[PDB]
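One chain follows as structure tokens, the form deposited in one PDB entry.
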């Protein structure tokens, strides 16, 4: 018995036929890419006001520290499956310093797109399916994966004239890291502005661009924290609520249902395959 994957995490959700997932102000804690196994689905981004049709050759990229508002509805007469690959921070910082040379046009890209669509060529279909096939690959050295992912993200960015992988100087990254370092603390806007030794304009623009008040942002971060806790194997709802910084199981359940459109136990089952 050896270790689990330190660069990625792979998560699992069963989309029953014609069902609709609705995400309202969900905080993306790490760079994510997801795709469906078969059939097709209607993906409605309520941020950029755009509806797409995604197939098994599509991948959706979700930018770290974004606040997503979108829906996913199966269009096929089949029970389809959504696989979510999360790329952890160490791997992302490896990617940031991997591409040889200066990309002269990247200095002119914009950061305004948080949800990017890429219709895969056969090579990328292969590589991604092999990454998520098992819990190890080992046929795939992490250096091969660094090269692959740096190239893939560059391709997507060029497709959209936008920055996917930001630097770590980003103000939203600082806010998120600070909140997550003490998730149970009763943070207030002034505390974060003071500890981040940054004025309230620089920081409040991060809230306005994502369309969230401060309390909404704290709640979204805590919901994503609770989901990460459920990833780690913690399954007691009371512990999940308290460790994520919520005052009560009832308030945590209310916020979780408002954000993910399912109760914490329902998400638990969709992730676990194990009902009570």
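Heads up, when I say rigid core I mean the largest set of C-alphas that superpose within 1.5 Å between the two forms. Numbering follows the first chain given and starts at 1.
Review point. For the C-alpha atoms alone, is the average B factor greater in 186-194 or in 134-142, going by the entry?
Key: Comparing 134-142 with 186-194, the higher mean C-alpha B-factor belongs to 134-142.
Review point. When the C-alpha temperature factors are averaged for each of 37-45 and 60-68, which stretch ends up with the higher value in the entry?
Key: If you average the C-alpha B-factors of 37-45 and of 60-68, the larger mean comes out for 37-45.
**Study point:** Identity of residue with top Cα B-factor, from 177, 169, 73, 165
**Key:** That would be 169, according to the entry.
Exercise for review: Check the PDB entry and point out which of 157, 114, 121, 173 has the largest C-alpha temperature factor.
Suggested key: That would be 121.
Practice item. Going by the recorded CA B-factors, say which third of the chain residue 20 sits in, lowest, middle or highest. Key: As the PDB entry reports it, the C-alpha B-factor of residue 20 lands in the highest third of its chain.
Exercise for review: Would you mind checking where the Cα B-factor of residue 226 ranks among the modelled residues of its chain, as the lowest, middle or highest third?
Suggested key: Answer is lowest: the recorded C-alpha B-factor places it there.
Practice item. Relative to the other modelled residues of the same chain, rank the CA B-factor of residue 207 and answer lowest, middle or highest third. Key: Middle third of the chain for residue 207's C-alpha B-factor.
Check your understanding: In terms of the chain's CA B-factor thirds, is residue 128 lowest, middle or highest?
Key -> Highest third of the chain for residue 128's C-alpha B-factor.
Practice item. Compare the C-alpha B factor of residue 12 with those of the other modelled residues in its chain, then answer lowest, middle or highest third. Key: Within its chain, residue 12 is a highest-third residue by C-alpha B-factor, going by the deposited values.
FYI, the form deposited in another entry isn't displayed, but the following is about it.
Practice item. Kindly specify the one residue in 188, 159, 180, 205 whose Cα moves by 2 Å or more between the shown form and the other one, with superposition done on the rigid core. Key: Single hit from the list, 159.
Review point. After the core is overlaid between the shown form and the other one, has the C-alpha of residue 71 moved by 2 angstroms or more?
Key: The answer is no; the displacement is under 2 Å.
Exercise for review: With both forms fitted on the core, give yes or no for whether the Cα of residue 146 moves by 2 angstroms or more between the shown form and the other one.
Suggested key: Yes, the C-alpha position differs by at least 2 Å between the shown form and the other one.
Point to revise | Core superposition between the shown form and the other one, C-alpha change of residue 232 at least 2 Å | key: True for residue 232: a C-alpha shift of 2 Å or more.
Review point. Which is it in the other form for the CA atoms of residue 138 and residue 121, closer or farther than here, knowing they shift by 3 Å or more?
Key: Compared with this form, residue 138 and residue 121 lie farther apart in the other form.
Check your understanding: With a C-alpha distance change of 3 Å or more, do residue 158 and residue 25 lie closer or farther in the other form?
Key -> They are farther apart; the C-alpha distance rises by 3 Å or more in the other form.
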